[PDB]
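Read the numbers this way: they start at 1 and go in the same order the structure lists the ligands and their atoms. Side-chain atoms are counted along with the backbone in the values below, which use heavy atoms only and exclude waters and symmetry mates. The first residue in the sequence is number 1, and the count goes up from there.
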Amino acid sequence: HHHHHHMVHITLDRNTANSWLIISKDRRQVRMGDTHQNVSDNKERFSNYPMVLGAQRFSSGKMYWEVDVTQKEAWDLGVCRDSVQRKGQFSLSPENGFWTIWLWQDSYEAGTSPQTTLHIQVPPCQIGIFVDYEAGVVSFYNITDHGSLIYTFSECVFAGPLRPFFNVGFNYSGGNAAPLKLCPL
Ligand SMILES: CN(CC(=O)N1CCCCC1)S(C)(=O)=O
């Protein structure tokens with residue numbers, strides 16, 4: 001792909017984070033803590049899952065960023081509407097305002113309803129995410145495999161401003177403590 005020149009500097013919004021997350025001082029990394037991180041509750045925090053939003057809002061144009069997923073067993077990545085549900089249980093779907101892919105139990109899937117199997121020969125250590133607001137496209141790229149395409153959501157109906165979306169995943173196994181990291185431009 002040749003989307004690299006639309007690179008944007010994403011930072012994480014602490015106020016949206018689940019209360020167990022630890023976001024680095026530079027707001028570029030996030031990991032699961034082993035306990036509640038001693039913050040007040042608010043209506044923006046994702047309550048049931050270890051999720052956090054980027055601070056940036058996009059309503060036009062072309063945007064690109066990269067995320068490091070090295071040695072994680074589970075995670076979700078993509079974009080979502082600014083007005084997605086924060087509290088309780090929900091599925092990641094375009095009907096609920098999410099355009100995402102994930103790793104779970106040794107398989108990769110796109111967050112359609114129902115979910116779609118992905119075909120990845122080289123497990124990625126970094127993921128590229130491209131959004132074309134006007135075209136209604138969200139695409140995912142395997143940076144470890146020379147930028148190969150993972151998945152394209154087309155005919156997207158965003159229906160609002162978009163925010164970068166992250167889930168570090170649960171750490172029931174003791175094998176999923178590693179962080180998500182926003183990679184430098
Ligand atoms: C289920 N987790 C503990 C927990 O209750 N929380 C952390 C995750 C978000 C909800 C809050 S664990 C064992 O760390 O994956």
Side-chain angles (χ1 to χ4, degrees), residues 10-58 65-118 120 123-127 129 138 140 144 150-151 153 160-183:
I10 300 308
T11 59
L12 297 174
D13 182 348
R14 301 184 166 287
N15 283 342
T16 69
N18 175 271
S19 61
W20 287 46
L21 295 180
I22 301 171
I23 292 169
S24 62
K25 182 158 54 183
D26 66 5
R27 300 188 305 109
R28 299 276 283 170
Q29 314 189 13
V30 56
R31 64 185 179 90
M32 189 65 153
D34 286 325
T35 193
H36 186 291
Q37 293 305 129
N38 204 28
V39 292
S40 60
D41 191 38
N42 70 51
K43 60 185 198 173
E44 302 179 63
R45 299 200 183 290
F46 286 101
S47 59
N48 286 47
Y49 312 104
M51 289 167 181
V52 60
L53 303 185
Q56 289 72 38
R57 281 45 139 24
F58 302 122
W65 63 98
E66 295 178 353
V67 185
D68 194 302
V69 299
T70 299
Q71 67 129 153
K72 289 190 70 54
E73 297 174 347
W75 49 260
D76 319 318
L77 288 174
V79 292
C80 67
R81 299 188 182 138
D82 60 353
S83 58
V84 293
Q85 179 186 344
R86 308 303 170 86
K87 305 305 182 177
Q89 284 166 111
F90 56 86
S91 57
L92 300 176
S93 64
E95 306 100 272
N96 287 344
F98 299 91
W99 299 267
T100 65
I101 67 170
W102 62 76
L103 172 61
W104 166 251
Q105 298 191 165
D106 198 39
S107 76
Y108 299 92
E109 299 176 320
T112 55
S113 181
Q115 70 259 35
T116 301
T117 296
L118 304 172
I120 298 183
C125 300
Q126 302 87 35
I127 301 292
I129 302 175
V138 183
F140 297 83
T144 305
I150 294 170
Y151 193 80
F153 293 87
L162 291 175
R163 298 184 68 177
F165 175 79
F166 308 86
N167 187 357
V168 300
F170 294 123
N171 190 25
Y172 292 108
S173 64
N176 198 35
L180 294 173
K181 307 186 193 173
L182 282 154
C183 306

- Task: Please list all pairs passing the side chain to side chain donor-acceptor pair (under 3.5 Å) test where one or both residues lie in residues 29-50, with sequence neighbours left out.
- Result: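 Pairs touching residues 29-50 that pass the test: none.
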- Query: Got the closest protein heavy atom to atom 5 (O) of ligand 1, with its distance?
  - Reply: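 Checked against all protein heavy atoms, atom 5 (O) of ligand 1 sits closest to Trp20 CZ2, 3.9 Å.
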- Task: Name the closest protein heavy atom to atom 7 (C) of ligand 1, giving the residue it belongs to and the distance to 0.1 Å.
- Result: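 Of the protein heavy atoms, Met32 CE, 2.6 Å lies nearest.
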- Query: Under the side-chain contact (heavy atoms from CB on, under 4.5 Å) test, which residues partner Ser107, sequence neighbours left out?
  - Reply: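 With neighbours one apart ignored, the set is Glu109.
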- Does the gap between the ring centers of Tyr151 and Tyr108 come in under 6.0 Å?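 Here the rings of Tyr108 and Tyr151 have centres that are no less than 6.0 Å from each other.
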- Residue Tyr172 vicinity, atoms of ligand 1 by number, heavy atom under 4.0 Å: 1 (C), 13 (C)
- Hey, can you tell me if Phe98 and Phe165 have their rings parallel, tilted or perpendicular (30° and 60° cut-offs)?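 The arrangement is perpendicular - the two ring planes meet at more than 60°.
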- Item | Candidate with minimal heavy-atom separation from atom 15 (O) of ligand 1, of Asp34, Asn18, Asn167, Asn171 | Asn171
